[PDB]
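Written out below as C-alpha cells is the structure these notes cover.
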Amino acid sequence: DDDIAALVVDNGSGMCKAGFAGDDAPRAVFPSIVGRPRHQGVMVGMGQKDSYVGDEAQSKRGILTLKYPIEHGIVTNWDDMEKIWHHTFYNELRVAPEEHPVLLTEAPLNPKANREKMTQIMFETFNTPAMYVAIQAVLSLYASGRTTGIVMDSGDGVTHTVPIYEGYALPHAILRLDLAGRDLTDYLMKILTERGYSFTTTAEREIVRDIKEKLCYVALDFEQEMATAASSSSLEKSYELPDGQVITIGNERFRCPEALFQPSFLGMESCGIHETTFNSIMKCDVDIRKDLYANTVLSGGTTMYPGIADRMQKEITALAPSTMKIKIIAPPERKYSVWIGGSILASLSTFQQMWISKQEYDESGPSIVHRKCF
Amino acid sequence: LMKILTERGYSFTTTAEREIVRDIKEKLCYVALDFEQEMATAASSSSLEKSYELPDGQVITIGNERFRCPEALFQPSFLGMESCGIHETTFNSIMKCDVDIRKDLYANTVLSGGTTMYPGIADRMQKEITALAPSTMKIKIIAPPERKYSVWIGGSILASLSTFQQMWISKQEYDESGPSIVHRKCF
Amino acid sequence: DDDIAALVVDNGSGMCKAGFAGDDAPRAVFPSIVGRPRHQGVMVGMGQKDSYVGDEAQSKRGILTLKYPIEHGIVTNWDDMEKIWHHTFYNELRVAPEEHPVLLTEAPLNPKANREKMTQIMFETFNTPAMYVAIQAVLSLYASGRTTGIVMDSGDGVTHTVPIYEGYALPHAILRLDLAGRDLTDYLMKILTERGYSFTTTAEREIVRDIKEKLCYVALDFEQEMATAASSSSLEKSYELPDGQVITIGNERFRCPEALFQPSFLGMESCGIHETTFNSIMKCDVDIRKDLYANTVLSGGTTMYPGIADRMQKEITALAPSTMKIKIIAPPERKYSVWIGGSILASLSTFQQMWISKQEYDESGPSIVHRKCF
Amino acid sequence: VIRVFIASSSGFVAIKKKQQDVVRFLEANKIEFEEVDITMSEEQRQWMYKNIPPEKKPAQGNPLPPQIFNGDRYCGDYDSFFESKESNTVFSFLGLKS
Amino acid sequence: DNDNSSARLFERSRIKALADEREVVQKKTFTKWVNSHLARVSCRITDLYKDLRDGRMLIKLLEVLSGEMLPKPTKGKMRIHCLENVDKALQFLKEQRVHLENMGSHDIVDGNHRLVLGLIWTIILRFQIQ
Amino acid sequence: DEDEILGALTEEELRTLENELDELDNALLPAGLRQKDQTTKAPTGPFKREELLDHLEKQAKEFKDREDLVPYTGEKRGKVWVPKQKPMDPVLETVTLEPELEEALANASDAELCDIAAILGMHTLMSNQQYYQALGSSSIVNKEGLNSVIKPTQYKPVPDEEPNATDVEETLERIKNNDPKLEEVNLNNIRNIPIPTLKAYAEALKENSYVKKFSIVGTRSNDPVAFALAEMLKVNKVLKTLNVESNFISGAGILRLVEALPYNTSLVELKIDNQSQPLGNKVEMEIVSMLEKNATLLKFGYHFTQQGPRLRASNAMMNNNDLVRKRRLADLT
Amino acid sequence: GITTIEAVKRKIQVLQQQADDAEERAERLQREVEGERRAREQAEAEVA
Amino acid sequence: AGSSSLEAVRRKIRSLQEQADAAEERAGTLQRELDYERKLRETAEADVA
Ligand SMILES: Nc1ncnc2c1ncn2[C@@H]1O[C@H](COP(=O)(O)OP(=O)(O)O)[C@@H](O)[C@H]1O
Ligand SMILES: Nc1ncnc2c1ncn2[C@@H]1O[C@H](COP(=O)(O)OP(=O)(O)O)[C@@H](O)[C@H]1O
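Protein sequence lines correspond, in order, to chains A, C, B, Z, M, Y, V and U.
Numbering-wise (PDB author numbering), the first sequence opens with residue 2 and increments by one.
Numbering-wise (PDB author numbering), the second sequence opens with residue 189 and increments by one.
Numbering-wise (PDB author numbering), the third sequence opens with residue 2 and increments by one.
Numbering-wise (PDB author numbering), the fourth sequence opens with residue 2 and increments by one.
Numbering-wise (PDB author numbering), the fifth sequence opens with residue 31 and increments by one.
FYI, in PDB author numbering the residues of the sixth sequence are 14 to 37, 40 to 348.
Numbering-wise (PDB author numbering), the seventh sequence opens with residue 3 and increments by one.
Numbering-wise (PDB author numbering), the eighth sequence opens with residue 2 and increments by one.
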C-alpha cells in the first residue's frame with residue numbers, strides 16, 4: 002500500500018527496461034538512443050522536436066543521427082539521461098515520479114561521480130521520495146535464486162564477473178573487462194566490409210546489430226568450423242534487407258562471437274571471458290572455490306548466442322582440475338533477469354530500511370550514496 | 189609442519205589453511221623408529237612419498253616431511269626450544285620419585301591424549317626409555333587403542349562412584365565461601 | 002691473486018643490481034623485465050630477435066608484453082633468469098664470467114630447489130670458478146655496520162623480518178610476509194579507477210608503478226589525513242601521462258601505502274609490518290629484546306616512502322612497554338644496502354675460505370650449497 | 002600515405018576506443034596507412050602538436066592523440082572523421098580520390 | 031596402523047550410535063509436542079526437519095504459543111523469502127529475552143538437525159506458554 | 014490457481030507451450048543448425064548500397080509522427096542541495112624571526128625555496144624524488160619547484176633493427192637439398208607465411224642432417240604445424256634447439272610436441288613461451304609427468320601456473336643436468 | 003483448445019509423478035541405509 | 002518477458018524439473034553410500050568369525 006511500491010529501472014548500455022516492483026516482466030522495453038536531425042534544415046525545419054527518443058528514433062533512421070548517451074557503462078551526456086528518464090516516467094509508464102521510489106543499477110567499478118550525479122538528478126529534477134543504487138551482477142544472482150555462485154554480466158558496454166559466497170561479496174576478486182557487444186558489432190562490420198557489404202552510419206549500425214542478433218552462433222571448435230565453412234556451404238544463411246535486397250552471411254556467422262574468446266581479432270591485449278571467470282575464481286580462498294565451480298551463472302543480452310554455454314564449459318573444464326564438476330546455469334530469460342532481480346529486491350520487507358529518503362539527502366547531499374549504498 | 193612445508197614451495201598462511209595442514213598431519217605423519225636411517229632411506233629412494241588432494245583439487249606430495257614433524261616431539265631443538273624430549277621428561281619424572289616405587293613405575297607407563305596417536309610412537313618411546321633405564325628393569329608401554337577419549341572415559345567412571353557423591357562442591361558451599369572454595373575441595 | 006675481483010649481483014624482484022666487489026655503489030641497475038611480441042600484429046622494430054631484455058624492453062612498451070621472471074621471490078621461469086643473467090654479464094658489466102667469482106642474494110624462507118638450480122645454472126652455463134649464495138637481510142646488517150638488531154626488509158616481491166644478536170641468527174623467529182610493491186601497484190590501479198582513469202595492460206602497470214614511486218607517501222595519522230584531504234585540495238598533485246593529458250590523484254596518494262599497515266584493504270587477513278616486527282621480537286628470548294628494540298633497521302626499496310619511519314616508530318611504541326626505548330634506523334642509501342653489504346662481504350679476508358670451488362661442485366653435485374651456505 | 006597518430010598506452014578508455022575505430026576503418030577499406038606511436042618516440046609527438054592549426058585546439062592541455070595526416074597535409078581529428086563517416090565524405094576527408 | 035584403525039573404529043561406531051538414538055527419541059517427542067500445540071489451528075507437522083524448513087509452521091507456532099500478533103510472512107517460493115520468514119521468527123525470539131547461540135536463518139533453511147532440535151528444545155525450556 | 018492462470022494465457026500460446034515442451040531449444044542439433052532462417056528468398060544482386068540508403072531515407076520521410084503526452088522542458092522540480100559553507104580558520108600571526116633572515120628568504124626563487132622547504136619536513140608538498148635530492152647534499156640542486164607538475168621517465172631510444180632478410184623458397188630448397196653449409200634456419204617475424212609452406216618445411220627437416228637450430232617465432236603457426244613438427248622430431252637426430260614461442264598453438268598441439276620427446280634423444284632446448292591461450296592444468300600434468308620420462312632434454316622454457324607441475328619440472332631438469340655432470344665426472348676418473 | 007487442456011494435464015502429471023517417484027526412491031533408500039547403519043555398528047561393537 | 006503470467010508458469014515448470022533432478026541425485030549418492038555400508042557389514046562379520 003506504499004503507493005503501488007517502487008519502480009525498477011534497468012537502464013542498460015544499449016537498451017532500457019522499466020516496470021513496477023513485484024511484477025515478473027518489465028512494462029516498457031525500448032532502446033536508449035537519442036536521434037537528432039543530421040545536417041539539414043529542409044522541409045520547414047523537418048525533424049521538429051529535435052530529440053527523438055526510443056522507437057520513434059529508430060523509425061526515422063535515414064534522416065537522423067543516433068547517439069548513445071551511455072558508452073562503456075559511463076554517462077558521457079547527462080542531458081540525454083534526463084531526457085530518457087523523462088520519457089520513461091511520462092511517455093510510457095505514465096506515472097508521477099513524486100510518489101514512487103526508484104531503483105537504479107550500475108556497473109561495479111565505475112567512476113564515483115556517476116552515483117552522485119544520478120542521486121542529484123533523482124532528487125533535484127524528478128524529486129523522487131526514495132532511491133537506491135545496486136549492481137547488475139548481484140541482481141542476476143538474486144534472479145537465479147541462489148545465494149552462492151559467480152556471476153558474469155555482459156551488456157553492450159561492460160563485462161564484469163563477481164563471486165558471492167553465502168551472501169558475502171569478495172571485492173578483491175571482482176573483475177571488469179571492457180569487451181562488449183558494441184565491439185562485436187564493429188568487428189562484424191569490419192569482416193562484412195571484406196566480403197563486399199560496406200556499412201557505415203547509425204542506420205547501418207542498427208541493421209548490423211539486427212543481423213548479429215538474428216544470425217550468429219558460437220562454434221564449438223573454431224578450426225573445424227573453418228574447415229567446414231571452406232569445404233561446403235551448409236552453414237550459409239540468407240538475410241533480407243528492409244528494401245528487399247538479399248545478402249548471404251556465410252563465414253561471418255561464427256567469426257563475430259569468437260572475439261569474445263580470442264580478443265586478438267578485435268585488436269585488444271586482453272584475455273577471454275573464460276579466463277576472466279577462472280582468474281576470478283582463483284582469486285578467492287581455497288575452500289569456497291568448488292562451489293563457485295558448481296554455480297556459474299550467466300546473464301545479460303550478450304549471452305544469447307547459441308552454444309556459448311557448452312563452449313565456455315569446455316574451456317573451463319580445460320582449465321579447471323579434473324576432479325570436481327563444472328556446470329553452467331544459462332536461463333533462457335537471462336537478458337531481462339537483471340531487472341527481475343530488482344523486482345525481487347524492492348519486494349523484500351527488510352529493504353525498507355535501505356531507502357535513501359529525501360530528508361537525509363537534504364542534510365547530507367549527493368555524497369550520502371557512498372555511505373548508504375554498498 | 190607449516191614452516192617445513194614452506195620448504196617444498198607450498199604456501200599456507202591463513203587460519204583456514206591451518207585446518208588443512210592439521211588434516212594432512214593427522215593423515216600422513218608417523219614416528220620413525222630410527223631417524224638417521226629414515227633420512228638416508230628417504231633421500232635414497234622415492235618410495236616414501238605420498239599424495240594428498242587439496243579441497244580445490246590441487247595435488248601435493250609430502251614425501252620427506254611425513255616423519256620430520258613428529259620427530260620434533262623427541263628433539264625440541266627443531267623448534268628452537270631448549271627443553272628435553274618426551275622420553276627424557278618421562279625418565280626425569282620417574283627419577284624424581286623414591287627408590288622403592290620406581291620398579292612399579294617402569295612397568296606401568298600409560299600414554300594418553302590425541303597427540304600420542306602417531307603410528308609408531310609406542311615403539312620409539314619404549315626403545316628410548318629402555319635405553320635410558322638400567323638393563324635389569326623391564327619397560328612396558330600401555331597404549332590402549334581408544335586412548336583419545338581416555339580423559340573423558342575415566343571422568344565418566346568417576347562420577348558413577350558411590351563416594352564421589354561426597355565430593356561435590358555444592359551451591360550452598362560456594363554461596364557461603366565465595367569462588368575460592370575450589371582449592372579446598374578439588375585437587 | 003688480488004686482481005681477481007668477485008662480482009656482487011643482487012637479483013631483486015623488480016630491479017637487478019650488479020657491480021664489482023670493493024665498490025661503494027653498484028655499476029649497473031636495471032629492471033628485470035622480459036618483453037615478448039604481442040599477438041595483435043607483427044612488430045615494427047625488431048627482426049630475428051625473439052625478445053627484449055632490460056631497459057630495451059622497458060622503452061618499447063607499446064609493442065611488447067612484459068613478464069617478471071621473479072614472482073614473490075621465486076624463480077618461475079628459469080630460462081628468463083638465464084636471459085637476465087646473460088644480459089647482466091655481457092651487456093652491462095662487459096666482463097667474462099669465467100674469470101670472476103660471483104656472489105648472489107636470496108630471500109630467507111624459499112623452496113630448497115632455488116639454491117640448487119641457481120648453483121647448477123651458474124656452474125654449467127657460465128663456468129665460474131667459485132660462487133656463493135647469501136641471504137639478503139644479513140647483508141643489510143653488514144651494510145649498516147652493526148652486529149645486533151632486527152632487519153625488516155621489504156623488496157618488490159616479499160617482506161621478511163629477522164633478528165640477529167651478536168652475529169647469531171635465530172631461525173625460529175624469522176617471519177616472512179607476502180606484501181611488496183606489486184600488490185601496492187595493483188591496489189593503486191584499483192583505487193585509480195573511481196577517479197575515471199583506467200589502466201589494464203603491462204605498460205599501464207609500468208606507468209602506475211612510476212606514478213607510485215614519485216607520488217605516494219605514508220600518512221602519520223590516517224583519520225586526520227583523511228579529514229584533511231576531504232576538507233580541501235591542499236594535498237592534490239598533478240601528473241603528466243605519456244599521451245599528453247594531465248591527471249590529478251588527490252586523495253589516494255596516501256591510501257596506497259596504507260595497505261602496508263592495514264592488509265585488510267587487500268582482503269588478506271594477515272597483519273601489518275609493525276605487528277610482524279613486534280611478533281618477531283616477541284619470539285626471541287627475554288634478555289636480548291632490549292637490544293633488538295634499540296636497533297631496528299629498515300631496508301628495501303619499498304620503505305622509500307616519506308613518513309614511514311615516524312609512523313613505524315609510533316606504532317611500535319604503542320605496542321611495546323613504556324619503559325623500553327625504541328629508535329628506527331633508516332639509512333638514506335638503504336635502497337642499495339642489500340648490494341652494499343655484499344661489497345663488504347666479498348672484501349673480507351675470512352670470506353675467501355667460504356667460496357664454493359668448481360672441484361667441490363664436481364664431486365658433490367648441486368647439493369653442496371646446503372652444506373656450504375646458510 | 003595516410004599517417005594516424007596513436008597512443009599505445011593511455012589512461013582513458015574513450016581514446017583507445019576512438020583509435021581502434023580509426024584503425025578498423027582503415028583496415029577494412031584496404032587503405033594503406035602508417036602506424037605512428039607518440040609515446041614511443043618524443044620527436045614525432047612534438048611534431049604532431051606542431052603541424053596542427055591553432056584555430057581548432059583543445060582549450061586546456063595538449064590535443065588528443067588520434068589525429069590523421071596525409072603526408073604533411075593535415076586531415077583532422079576524430080570529430081571530423083565521424084562527421085565525414087555520417088556524411089559519406091570520408092574519402093574526401095582523408096584526401097584520397099574516389 | 032591397527033591402533034589408529036581401532037580409534038577410528040570406535041569413533042565411527044559408539045559415539046555415532048549413542049548420539050543417533052538420543053536424537054531419534056528426542057525428535058519423536060518434539061514432533062508430538064509441536065503437533066499437540068499446533069492442532070488448535072488447522073495445521074499439522076509430519077516431518078520435523080522438512081516442515082520447519084519453509085518457515086510458515088514456525089511463525090504459526092510462535093503465533094499460537096505467544097498468543098500475540100506477528101508480522102505478515104513474505105510470500106514467495108524462492109530461498110530469499112524463506113530466509114526472511116525464518117529471520118522474522120528469530121527476531122521475535124530475540125525480543126522476548128530468549129538467548130540463542132549458533133542460530134542463523136540459513137541454518138534452519140538448509141536443515142541442520144542439531145540446530146533445529148536445539149531451537150525446539152530452547153522453545154520448550156526458556157519460552158513461556160503464558 | 015494454475016488452471017485459471019493457464020486460461021488467462023492465450024490458447025495459441027498454450028499450443029505453442031505444448032509444442033515447445035515437446036521440443037525440449041534444439042540440444043540435439045549442432046550449434047550452427049539450431050538457429051532458424053529469417054526468410055526464404057534467394058540472394059539476388061551485387062548489393063547496390065545507394066538503393067538501401069534512399070529507401071531508408073524515404074521510409075523516414077513518410078512516417079506518421081508519434082506525439083508525446085508530456086513535452087520536455089528541463090524543469091527542476093526539487094529542492095537544490097546548496098552545500099554548506101564553513102567559517103574556517105581566520106588566524107594571522109607574524110613570526111618575524113630576524114631582519115637578516117627576513118631579507119635572506121624574501122627574494123629567494125622557488126626552485127631554491129623548495130630545498131629549505133624539504134629540509135624542514137614538508138614532504139607532502141613536492142614529489143619524493145625531488146624531496147630526496149633536496150636532502151642529498153648541502154647545496155641547492157632543486158630546479159623544478161614545488162608547484163610544478165611531475166613528468167615521467169623517458170629512458171633511452173632503441174635503434175631500429177633491420178627486418179628479416181631470410182627468403183622462404185630458396186631456404187626450403189636448400190633444406191631439401193641437404194646443404195652442408197646451412198646450419199641455422201631463422202624464420203622469426205615474417206609476414207604471411209602460408210601454413211602448407213610451414214608444413215613443407217616440417218617434412219623437409221625430416222631428412223636434413225645439417226641444420227642444428229630452428230625457429231618459427233611470431234609466424235602465427237597453428238595446430239597442424241605443431242602436429243607436423245611433432246612427427247618430424249621422432250625421425251630427426253641432428254636438430255638441437257626448436258623455438259616455437261609467440262604462436263597460436265593450442266594445448267593439444269603442445270601435448271603432441273611433448274609426446275614426441277621420449278622417442279628422440281637429440282633435442283636439448285625447447286621453448287613454448289607466450290602462447291595465445293593458457294594450456295590448462297591437465298595438459299601441464301601430462302607434460303611434466305611424461306617429461307620426467309625423458310632424460311635427454313636439458314632446457315625447457317615454460318611458465319607453469321600451478322605449483323606442483325612447476326616443482327616436478329624443475330626437479331626433472333635438475334636431474335638431467337646432474338646426469339650430464341655425473342657422466343663427465345665418471346669419464347674423467 | 004481442449005487438446006491443450008489435456009496437454010497441460012499430461013505435462014503436470016508427468017512432472018509431478020517424476021518428482022514423487024524420485025521422492026519415494028530416495029526416502030525408502032534412506033530407511034534402508036538407516037537399518038544398515040544400526041546392524042553394522044552393533045556387529046562391529048562385537049568385533050571390538 | 003512477454004508477460005508476468007508466462008514467467009510464473011515457466012518458473013513452475015522449472016521448479017518441478019529442478020526439484021525432481023535434485024531428488025534423483027540425492028537418491029543416487031544414498032545408493033552408493035548404502036553399498037559402502039553393506040561392504041562394512043560383510044568385512045565385520047568375516048572378522049567376527
Ligand atoms: N537474440 C540474440 N542473439 C544474439 N545476441 C543478442 C540477441 N539479442 C541481443 N543480443 C546482443 O545483446 C546486446 C544487448 O544487450 P543488453 O541486454 O541491451 O545490454 P545491457 O545490459 O546494456 O542492457 C546486443 O548488442 C546484441 O548484440
Ligand atoms: N623513489 C621511490 N619511492 C617509493 N617507492 C619506490 C621508489 N623507488 C622504487 N620503489 C619501489 O621499490 C620497488 C623496487 O624495490 P627493489 O629494491 O627492486 O626490491 P628488491 O629487494 O626485490 O630488489 C619498486 O617496485 C617500487 O614500487
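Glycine included, C-beta positions come from ideal geometry on N, C-alpha and C.
Where Z/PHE94 falls: helix, strand or coil (DSSP): The count along the fourth sequence starts at 1 and reaches residue 94 of chain Z at position 93. Here Z/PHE94 sits in helix by DSSP.
First and last residue of the uninterrupted alpha helix (DSSP H) at B/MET16: Residue 16 of chain B sits at position 15 when you count from the first residue of the third sequence. First-last for B/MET16: 16-21, but that is the beta strand (DSSP E), not the alpha helix (DSSP H).
Stretch-stretch touch, CB-based, cutoff 8 Å, three pairs: the stretch 266-278 of chain B with the stretch 308-319 of chain B: Taking one beta carbon from each stretch, the stretch 266-278 of chain B and the stretch 308-319 of chain B have 3 or more pairs nearer than 8 Å; the two touch.
Pairing CB atoms from the stretch 297-308 of chain A with CB atoms from the stretch 152-164 of chain A, are three or more of them under 8 Å? Using a Cβ-Cβ distance cut-off of 8 Å, the stretch 297-308 of chain A and the stretch 152-164 of chain A are in contact, since at least three pairs of beta carbons, one from each stretch, lie closer than that value.
Segment limits, beta strand (DSSP E) that includes A/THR106: Within the first sequence, numbered from 1, the residue matching residue 106 of chain A stands at position 105. Run containing A/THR106: 103-107, per the beta strand (DSSP E) assignment.
Proximity test, Y/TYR147 beta-carbon vs ligand 2 heavy atom, cut-off 8 Å: Residue mapping note: residue 147 of chain Y aligns to position 132 of the sixth sequence, counting from 1. If you check the C-beta of Y/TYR147 against ligand 2, you find a heavy atom less than 8 Å away.
What are the boundary residues of the beta strand (DSSP E) that includes Z/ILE69? Within the fourth sequence, numbered from 1, the residue matching residue 69 of chain Z stands at position 68. According to the DSSP assignment, Z/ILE69 belongs to the beta strand (DSSP E) that extends over 68-71.
Mind the definition here: the stretch 348-367 of chain B touches the stretch 255-270 of chain B only if three or more C-beta pairs lie below 8 Å; say whether that holds. By the criterion of at least three beta-carbon pairs nearer than 8 Å, the stretch 348-367 of chain B is not in contact with the stretch 255-270 of chain B.
With a 10 Å radius around its C-beta and 16 neighbouring C-beta atoms as the bar for buried, classify B/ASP11 as buried or exposed. Against the third sequence, residue 11 of chain B aligns to sequence position 10. Buried.
Does the stretch 47-65 of chain M come close enough to the stretch 97-117 of chain M to have 3 or more Cβ pairs within less than 8 Å? The stretch 47-65 of chain M is not in contact with the stretch 97-117 of chain M.
Please work out which residues of its chain come closer than 7 Å, Cβ to Cβ, to B/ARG177, disregarding the five sequence neighbours upstream and downstream, and give them in chain order. Reading the third sequence from its first residue, position 176 is the one you call residue 177 of chain B. Within the same chain, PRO109, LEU110, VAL159, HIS161 come within 7 Å of B/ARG177 by CB-CB distance, once the 5 residues on both sides are set aside.
Nearest by alpha-carbon distance to A/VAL209: which of A/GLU253, A/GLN225, A/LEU180 is it? Counting from one through the first sequence, the residue named residue 209 of chain A turns up at place 208. A check of alpha carbon separations from A/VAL209 across A/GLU253, A/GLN225, A/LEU180 identifies A/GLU253 as the nearest.
With distance defined between alpha-carbon atoms, name the residue in Y/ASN157, Y/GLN292, Y/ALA121, Y/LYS166 nearest to B/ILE212. Along the third sequence, one-based indexing puts residue 212 of chain B at 211. When each option's Cα is compared against that of B/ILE212, the closest is Y/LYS166.
Would you say Y/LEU294 faces chain C, with C-beta separation under 9 Å as the test? Residue numbering aside, residue 294 of chain Y sits at position 279 when the sixth sequence is read from its first letter. Not one chain C Cβ lies under 9 Å of Y/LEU294.
Ignore the nearest five residues each way along the sequence and tell me which others in Y/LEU120's own chain have a CB closer than 8 Å to its CB. One-based indexing of the sixth sequence puts residue 120 of chain Y at position 105. Within the same chain, Y/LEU120 has close Cβ partners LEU128, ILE131.
With a cut-off of 9 Å, does the C-beta of residue 1 of chain A fall near any C-beta of chain U? Since the first and last residues shown for chain A are 2 and 375, residue 1 of chain A lies out of range.
Neighbour-count burial assignment, B/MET153, 16 or more Cβ in a 10 Å radius: Indexing the third sequence from 1 puts residue 153 of chain B at position 152. Burial of B/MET153 is indicated by the presence of at least 16 other C-beta atoms within 10 angstroms of its C-beta.
Helix, strand or coil for V/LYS11 per DSSP? For the purposes of this step, residue 11 of chain V is identified with residue 9 of the seventh sequence, where counting begins at 1. Three-state DSSP puts V/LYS11 in a helix.
Taking 8 Å as the cut-off, is the CB of A/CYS217 close to at least one heavy atom of ligand 1? The residue given as residue 217 of chain A occupies position 216 in the first sequence. Between ligand 1 and the CB of A/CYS217, the shortest heavy atom gap is smaller than 8 Å.
Using 9 Å as the threshold, is the C-beta distance between residue 378 of chain B and C/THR202 below it? Given that chain B is displayed from residue 2 to residue 375, the structure contains no residue 378 of chain B and the question cannot be resolved.
Using Cβ-Cβ distances below 7 Å, what residues of the stretch 251-273 of chain A are close to chain Z? Correct list: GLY268.
Is the beta carbon of Y/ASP83 closer than 9 Å to that of A/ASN92? The residue given as residue 92 of chain A occupies position 91 in the first sequence. The residue given as residue 83 of chain Y occupies position 68 in the sixth sequence. Judged by their CB atoms, A/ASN92 and Y/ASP83 are nearer to each other than the 9 Å cut-off.
What whole-angstrom Cβ distance do A/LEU67 and A/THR106 have, given they're in contact under 8 Å? Translated into the one-based positions of the first sequence, residue 67 of chain A becomes position 66. Translated into the one-based positions of the first sequence, residue 106 of chain A becomes position 105. Not a contact, Cβ separation roughly 23 Å.
Report all residues from its chain with a CB closer than 6 Å to the CB of Y/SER224; omit the five preceding and five following residues, and keep chain order. Position 209 of the sixth sequence, counted from the first residue, corresponds to residue 224 of chain Y. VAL253.
State yes or no: is the C-beta of Z/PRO54 within less than 9 Å of the C-beta of Z/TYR75? As a first step, residue 54 of chain Z is located in the fourth sequence; it is residue number 53 there, counting from the start. As a first step, residue 75 of chain Z is located in the fourth sequence; it is residue number 74 there, counting from the start. Judged by beta-carbon spacing, Z/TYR75 lies within the 9 Å limit of Z/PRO54, meaning their Cβ atoms are closer than that value.
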